[PDB]
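In: Experimental structure and sequence below, a few questions after.
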Amino acid sequence: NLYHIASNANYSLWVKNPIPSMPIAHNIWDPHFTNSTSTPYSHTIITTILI
Amino acid sequence: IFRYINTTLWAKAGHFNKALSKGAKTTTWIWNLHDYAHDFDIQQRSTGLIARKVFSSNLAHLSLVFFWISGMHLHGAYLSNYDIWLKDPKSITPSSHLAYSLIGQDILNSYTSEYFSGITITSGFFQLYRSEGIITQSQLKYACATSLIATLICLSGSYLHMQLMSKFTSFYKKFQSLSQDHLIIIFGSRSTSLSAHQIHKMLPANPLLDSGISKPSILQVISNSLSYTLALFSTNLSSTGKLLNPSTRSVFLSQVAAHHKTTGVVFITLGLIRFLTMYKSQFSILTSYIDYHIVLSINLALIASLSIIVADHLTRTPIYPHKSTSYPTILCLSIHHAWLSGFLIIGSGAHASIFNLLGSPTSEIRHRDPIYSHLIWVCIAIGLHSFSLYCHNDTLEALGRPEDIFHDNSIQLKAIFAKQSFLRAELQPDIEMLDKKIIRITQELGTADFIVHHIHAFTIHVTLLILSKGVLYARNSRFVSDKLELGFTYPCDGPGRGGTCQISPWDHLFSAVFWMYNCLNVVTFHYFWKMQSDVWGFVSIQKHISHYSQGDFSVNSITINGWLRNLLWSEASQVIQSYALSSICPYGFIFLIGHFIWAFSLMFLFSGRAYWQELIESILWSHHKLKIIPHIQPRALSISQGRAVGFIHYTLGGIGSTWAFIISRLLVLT
Amino acid sequence: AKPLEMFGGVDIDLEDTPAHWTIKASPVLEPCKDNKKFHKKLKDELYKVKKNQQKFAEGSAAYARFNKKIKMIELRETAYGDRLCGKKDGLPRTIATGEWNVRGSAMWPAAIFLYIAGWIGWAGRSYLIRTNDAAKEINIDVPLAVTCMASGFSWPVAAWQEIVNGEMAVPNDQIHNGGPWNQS
Amino acid sequence: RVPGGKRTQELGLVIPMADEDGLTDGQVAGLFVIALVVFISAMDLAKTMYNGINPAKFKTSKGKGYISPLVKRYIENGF
Amino acid sequence: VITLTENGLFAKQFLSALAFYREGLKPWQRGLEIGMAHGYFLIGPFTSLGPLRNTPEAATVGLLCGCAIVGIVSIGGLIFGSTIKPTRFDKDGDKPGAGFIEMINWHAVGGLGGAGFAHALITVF
Amino acid sequence: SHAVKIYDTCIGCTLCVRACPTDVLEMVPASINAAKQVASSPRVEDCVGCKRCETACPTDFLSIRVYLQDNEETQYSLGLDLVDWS
Amino acid sequence: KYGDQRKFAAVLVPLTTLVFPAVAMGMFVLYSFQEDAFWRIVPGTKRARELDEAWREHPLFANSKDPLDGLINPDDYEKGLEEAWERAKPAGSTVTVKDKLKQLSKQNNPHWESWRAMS
Ligand code: CLA
Ligand SMILES: CC1=C(/C=C/C(C)=C/C=C/C(C)=C/C=C/C=C(C)/C=C/C=C(C)/C=C/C2=C(C)CCCC2(C)C)C(C)(C)CCC1
Ligand SMILES: CC1=C(C/C=C(\C)CCC[C@H](C)CCC[C@H](C)CCCC(C)C)C(=O)c2ccccc2C1=O
Ligand code: SF4
Ligand code: SF4
Ligand code: SF4
């Protein structure tokens, strides 16, 4: 848990504005998703994340 | 003869079975007494008594059905708004069912007419009465009187035949006589009698109502005396079913009368043909199937199949006047007969098993392994195929890949044979509508219809697998080699051989009831969603159609989430938000009660009787402490009884849940 | 210092007097006849039933039955006025503090039910004691059964007189204690 | 991101994402070295637990065993 | 109990003439024949109605997936031959199960070949 | 294989022997009851475990007790038909 | 960029959720056919016999399985039991303590742990 918060997460940004922000559990790497468009779990071209 | 009809056995409960003669030592005795009540085969005395009991009980049940018909007729004559429904059926909901003003139950009666408040009936009896030319209250009075007289006659006949029939009685075994007289005199000579009834009382009456004279000059024209109208007054050429009656939105009753006349002629001619026709192949079946349980199973299967044909033919082959627009009536008439088809099919399987255990089976039981094995394979194949197309669509829609799912706008599985099945109906290239309501439009079958039909096939095949496995493996098996000596219904043979629970044919029925229920719950949901989405609904004057579900089926029923959201959640808003709403309060309450009963069944389904026996003993300790000794010793339910109670509560609760869910929604929408 | 905000909405009495031990002194509750939610709820009941009534004919029997229902609703409104309801729901409350002298108290129904339930149990126990046979449980001796049923009225005294005189309970060494848990 | 649920949309709750990397590849490799050490030690422990204690070691194994001086005291202090 | 579909003349001669049963075939020949059949057939379900069914290639993906299926079933056959060790294909005086292992290896080779041949036919034609 | 044990409370019913579907039980002479006979289980390797013997035993608590041993099952104690373990 | 950790994912996720599970399943089905398979729960394995004998070879655990282990001086116990039975022996009873105990120890249960005959 500590690693995934360190690497695949946004603790450095959530700590600044915790009330409206949302933490990240870890990235999503699943080849079954759409290789096109953008999943509802990612900010367009950015990687996929879980709260 | 009748001097032996004595009440001395009324006080002596359990007299009919010699296993209950020891007295009620335990509470298991009560349940056994109730279980063996109608099991005439195992009861005391000779085989002649079995025949007497069977025939007289048939007559008594027939009297019971006649009493039920009489009650419906009296409700229609004296507790109904059938008058205003006759005058204006498109604005008045049928109601022959009131509720007393007690405990606020007054909230159940709802506005059906300006002078009537009551519970909207969905039995379709009003449409039947109108199709039966019943206009005045006197006609319903005399129908009720005749049904009561029939009840008394059948009750007296059941009473008499327990002593008219004797040890020498043999008329029930004369199967040639039974088949011939039944076929000819009933299917032929009574079908033409009903054709006569229609030609002489419906066509004189129903055209008069459709001609706009609901007055019918009171009795001056309605009371027959209309031999200037001609039998085929408004056939309008065409073909029967191609052109519906524009006023009542049904097939013209002249065509129905012609149908009954021709069917009676056909049945009479078949009875004449049976003097010399194809035989000597069903002859092994002829000799080996002369027994109560086998003929009972055959008749149950036949009647259930006829029930499902009735369910599918009562909805979009409209026969009854003003019935196609009455959507709750159509829904009820389909679904009730669907459920009865399922239940009577299950009963046919059970009595096939009973016949196998009592009588001697036939040749097909010797290669039972290939039969019940290819059945297993086909069940697995169509389960891993039909359902999973739903799982595949669901997963790929959740993943955001709608172009990879099985839909019309995607990889599409065309219903090739159904799309080429324009043979049925073969109507003209448009729809029919009576009054803001769609009478019938052809169901355009696509991918979702293909998948749900395969789901139906899979569920039917699994239920049949359970039934045929119970039937074929009744006498013996590779697991237990003396299942015949264990009887028809038994909990198990013991925890040995790894475990032998639920090997009896009774337990096979126990599982088959669950699987039949699951089979036609999907049938009920498919019908209930498809009709709302694609057939029923309002209209627009510009030929545009606004259905009730707004075409949700072809776009949502491809995924399980679609069924959960657009059927069990969005269409359950009517039943769930039904408190304090006059008509639909009981439906919301019954929805809640059905959930409670269904969950309550799980206590019997999941638990064994030993835990309950030990708990009962712990409680009996406290009872004995205070000198409260029940000498009918408290015993927990037997294993078979526990399973039976669980199955009954499960099916009853689930059926009640669906019942409320569909009926409340259709009453609100209409 | 405003206990309402300190405790997240709930308010505390803050006073230690015996006069506040009654339920009627609670600040959560309020007499129904001066509660806004009670008025609104029963007015909505009257409005809904009246709106249903207008849908029917004036001279019909349904109209008369709806008039009777309206009278029942208004009688219910005036009868529950002295009953306590919460200051936010308007639904009258049932008092389960043993008050014995408030509207909607649970002491009177408790007493009535306990008497009649003890009556039922005592009648059944008397019948079982006087019919020490299984044949008498399936074929009830109706005269004896109704005799015990009528005799059960004196259960609160007869039962206690049996308890103290050693005629109700039985020593544990005379009934089956339960399964063995040891032997070796 | 396409939010779901009423509260996220009606409050504007957002999930910030760092534009940097988080941990460099060197740090991940440093963690993976010790993860591999844990993995090897855990496989060894699984082997030892699977095989269990060998009492017959006193016939073949060298040495003569040892009971620590506190373990003797704990033996004779009671139980 | 003899039935037409298993004990008839045609059924018996068809089962006996299968690659698994045909007389006079070296184990590698049976493996090669079965593998060619499997590899040629397995390409179709992937190159069509697959995840990349509409891509310009849409067939090399199917080729890779079919070769993967052939390899997986060959690994399963190797597990079977190293655990059950059928000895009906071993010649006399050989390591038990050697014939079955040879058959499975040549099934893998034949699956590769059949998959490649189906892909070549699809691309060329 | 299961474990079928016969206790002293046996009264020589022979019902347990008659109810056994695989001839596990037999009657042996004895002197601890008026019937001068007690049951015995010389062939429990053929005991499937159906417990019909326990159903048939009329003593207050069964003079014959079958102890199920599932981690012990043999081909005879499982009633294997399609498959041979020998 | 916020990515660039997916270079690790594209190797690890396929590896540990496909290659490792498949290798583990194949190794498990291979292990299922060893004579040592599940030797701690499955009766009649060779390693179980060797472990039991190894325990019995330890000087402390030689007479560990005997339910009667513990009697420091069994001769004294037997003599006291015989003396106590002599004063209570019924009339001209011919049963001694020694043969009574010998026949009370010898029962007839051939089908007990008969699975100690294959491995
Ligand atoms: C024409 C129809 C018909 C007939 C004549 C029979 C006749 C018979 N069946 Mg049978 N059966 C039928 C249909 C039929 N069945 C169907 C459709 C099924 C499938 C469910 C079965 C399943 C079945 C089984 C599994 C068994 C029988 C048995 C029997 C025999 C004894 C029945 C008995 O004593 O029960 C006495 C009657 C009862 C116990 C009725 C109790 C009420 C039921 C169980 C619950 C119904 C709940 C109700 C609908 C909802 C309540 C309303 C709620 C709001 C409160 C007898 C030969 C038994 C036997 O031994 O055969 C030889 C047996 O084991 N049948
Ligand atoms: C539908 C149908 C059917 C069936 C059919 C089938 C079953 C088919 C199959 C088919 C198939 C299944 C085919 C296949 C083929 C294959 C092939 C033709 C292959 C080839 C291959 C090759 C040629 C290869 C080569 C190679 C190798 C070997 C290695 C190296 C490389 C190479 C490439 C050189 C039936 C009769 C039932 C009926 C109806 C019709
Ligand atoms: C609860 C339970 C019992 C105990 C339940 C018993 C003994 C039911 C009998 C209790 C009385 C006699 C039922 C009478 C009806 C109820 C008292 C009231 C029902 C109607 C109310 C709504 C008024 C079993 O014996 C049993 C046996 C096998 C499998 C599962 C179970 C099981 O789940
Ligand atoms: S659990 Fe119940 S059904 Fe199963 S073997 Fe035991 S007693 Fe029979
Ligand atoms: S049934 Fe019981 S009491 Fe009778 S002989 Fe067998 S073991 Fe003895
Ligand atoms: S459990 Fe069954 S097989 Fe075993 S001894 Fe008892 S009756 Fe015989």
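Out: Perfect, thanks for sending it. Numbering: from 1, shown residues only, chains lettered A, B, ... in the order given. Ligands and ions are numbered 1, 2, ... in the order given.
In: Close to ligand 4: what parts of chain A are there?
Out: By Cβ under 6 Å from any ligand atom, no part of chain A sits against ligand 4. C-betas here are computed from N, CA, C, even on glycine.
In: Identify the single longest helix in chain D, thanks.
Out: For chain D, the helix reaching the highest residue count under DSSP state H is reported as helix D:25-51.
In: no, scratch that, I was asking about chain C
Out: For chain C, the helix with the greatest residue count under DSSP H is helix C:107-130.
In: And that helix, what's buried?
Out: C:119, C:122, C:123, C:124, C:125, C:126, C:127, C:128 (16 or more other Cβ atoms under 10 Å in any protein chain shown).
In: Spit out the contact partners of the fifth one.
Out: Contacts for residue C:125 were tallied using Cβ atoms under 8 Å, 6 or more residues apart in numbering or on different chains; they are B:626, B:627, B:628.
In: what about 6 Å?
Out: residue B:628 (Cβ atoms under 6 Å, 6 or more residues apart in numbering or on different chains).
In: now the third one
Out: Neighbouring residues of residue C:123 by Cβ under 6 Å, 6+ apart: C:148, C:149, C:152.
In: distance of it from ligand 1?
Out: Counting by Cβ to the nearest ligand atom, to the nearest Å, the gap from residue C:123 to ligand 1 is 28 Å.
In: For residue A:39, grab the count of nearby residues.
Out: Other residues within reach of residue A:39 by the criterion other Cβ atoms under 10 Å in any protein chain shown amount to 17.
In: A helix includes it, no?
Out: No: using DSSP: H, G, I helix; E, B strand; the rest coil, the assignment for residue A:39 is coil, not a helix.
In: Pretty sure it sits against residue A:29.
Out: No: with contacts counted by Cβ atoms under 6 Å, residue A:39 stays clear of residue A:29, the gap being 11.6 Å.
In: three-state assignment of the residue of chain F found nearest chain A?
Out: When scored by Cβ to the nearest Cβ, chain F has residue F:71 as its residue closest to chain A, at 39.3 Å. Classification of residue F:71 using three-state DSSP returns helix.
In: For chain G, see how far away it is.
Out: Distance of residue F:71 to chain G, computed by Cβ to the nearest Cβ, to the nearest Å: 6 Å.
In: Is the helix or strand hosting residue B:389 in proximity to chain E?
Out: Counting by DSSP states H and E, the element that carries residue B:389 is helix B:368-398. No: judged by Cβ under 6 Å from any Cβ of the partner chain, helix B:368-398 stays clear of chain E, getting no closer than 8.1 Å.
In: need the next SSE after that helix, C-terminal direction.
Out: Of the helices and strands lying after helix B:368-398 in sequence (DSSP H and E), the nearest is helix B:416-419.
In: who's in contact with that following helix?
Out: In contact with helix B:416-419 (Cβ under 6 Å, 6+ apart) are residues residue B:445.
In: re the thing from before, between the contacts of residue C:123, which is closest to residue B:78?
Out: The nearest member of these to residue B:78, counting by Cβ to Cβ, is residue C:149 at 39.8 Å.
In: What is the neighbour count of that closest one?
Out: Counted with other Cβ under 10 Å, residue C:149 comes out at 16.
In: would you say it is within a helix?
Out: Yes: under three-state DSSP, residue C:149 falls within a helix.
In: and the gap between it and ligand 3?
Out: Residue C:149 is 20 Å from ligand 3, by Cβ to the nearest ligand atom.
In: likewise residue E:105?
Out: To ligand 3, residue E:105 is 56 Å away according to Cβ to the nearest ligand atom.
In: for the closest residue to that residue other than its chain neighbours, helix, strand, or coil?
Out: Nearest residue to residue E:105 in three dimensions, chain neighbours excluded: residue E:31, at 6.7 Å (Cβ to Cβ, 6 or more residues apart in numbering or on different chains). Look at residue E:31: counting by three-state DSSP, its state is helix.
In: Let me see the contact set for residue E:31.
Out: E:103, E:106, E:107.
In: Relative to residue G:1, how far out is it?
Out: Noted for residue E:31: a distance of 50 Å to residue G:1, by Cβ to Cβ, to the nearest Å.
In: isn't there a helix covering residue E:72?
Out: Yes: secondary structure of residue E:72 (three-state DSSP): part of a helix.
In: Can you get me a residue count around it?
Out: Neighbour tally, residue E:72, other Cβ under 10 Å: 11.
In: ok, it to residue B:41 distance?
Out: Between residue E:72 and residue B:41 the distance is 57 Å, computed by Cβ to Cβ.
In: any idea which helix or strand carries residue B:49?
Out: If you go by DSSP H and E, residue B:49 is part of helix B:47-78.
In: ugh, typo on my part, it should be residue E:38
Out: Assessed by DSSP H and E, residue E:38 sits inside helix E:27-42.
In: Buried ones in that helix, by neighbour count?
Out: Within helix E:27-42, judged by 16+ other Cβ under 10 Å, the buried ones are E:27-28, E:30-36, E:38-40, E:42.
In: How far off centre is that helix?
Out: 4 Å (Cα atoms, centre = their mean, to the nearest Å).
In: quick one on the thing from earlier: the helix holding residue B:49 and chain C in contact?
Out: No: applying Cβ under 6 Å from any Cβ, one finds helix B:47-78 separated from chain C by no less than 13.8 Å.
In: buried ones in that helix?
Out: Neighbour counts over helix B:47-78 (16+ other Cβ under 10 Å) mark B:49-56, B:59, B:62-63, B:66-67, B:69-70, B:72-77 as buried.
In: For residue D:11, which non-adjacent residue is spatially closest?
Out: Once flanking residues are discounted, residue D:11 sits nearest to residue A:20: 7.1 Å by Cβ to Cβ, 6+ apart.
In: Now the phi/psi pair for the one you found, please.
Out: phi -90, psi -20 (degrees, to the nearest 10).
In: from what I can see it touches residue D:15, true?
Out: No: checked against Cβ under 6 Å, the pair residue A:20 and residue D:15 is beyond contact range at 9.8 Å.
In: more neighbours, those two?
Out: Between residue A:20 and residue D:15, counted using other Cβ under 10 Å, residue D:15 has the larger neighbour count: 20 against 11.
In: Report the contact partners of the more buried one.
Out: Residue D:15 makes contact with residue A:22 under the criterion Cβ under 6 Å, 6+ apart.
In: Quickly note the distance from it to residue D:1.
Out: Distance from residue D:15 to residue D:1, by Cβ to Cβ: 6 Å.
In: Ok, residue B:149 next?
Out: 76 Å.
In: who has more neighbours, these two?
Out: A count of neighbours by other Cβ under 10 Å puts residue D:1 above the other of residue B:149 and residue D:1, at 19 against 12.
In: Quick one: residues in contact with stretch G:40-52.
Out: Against stretch G:40-52 from outside (Cβ under 6 Å, 6+ apart): G:35, G:36, G:39, G:115, G:118, G:119.
In: now do stretch F:26-35
Out: F:8, F:11, F:12, F:14, F:17, F:37, F:38, F:40.
In: what distance separates the start and the end of that stretch?
Out: 14 Å (Cα to Cα, to the nearest Å).
In: sec struct for the residue of chain C found nearest chain A, please.
Out: Nearest residue of chain C to chain A: residue C:8, at 18.6 Å (Cβ to the nearest Cβ). Three-state call for residue C:8 (three-state DSSP): coil.
In: how many other residues sit next to it?
Out: Neighbours of residue C:8 under the rule other Cβ under 10 Å: 6.
In: Could you check how far the lengthiest helix in chain G is from the centre of its chain?
Out: The residue-count maximum for a helix in chain G (DSSP H) belongs to helix G:74-88. In this view, helix G:74-88 has its centroid 34 Å away from the chain centroid, taken as Cα atoms, centre = their mean.
In: quick revisit: which SSE is immediately downstream of the helix holding residue B:49?
Out: By DSSP H and E, the next helix or strand past helix B:47-78 is helix B:82-87.
In: can you pull the contacts of residue B:590?
Out: The neighbours of residue B:590, taking Cβ under 6 Å, 6+ apart as the test, are B:656, B:660.
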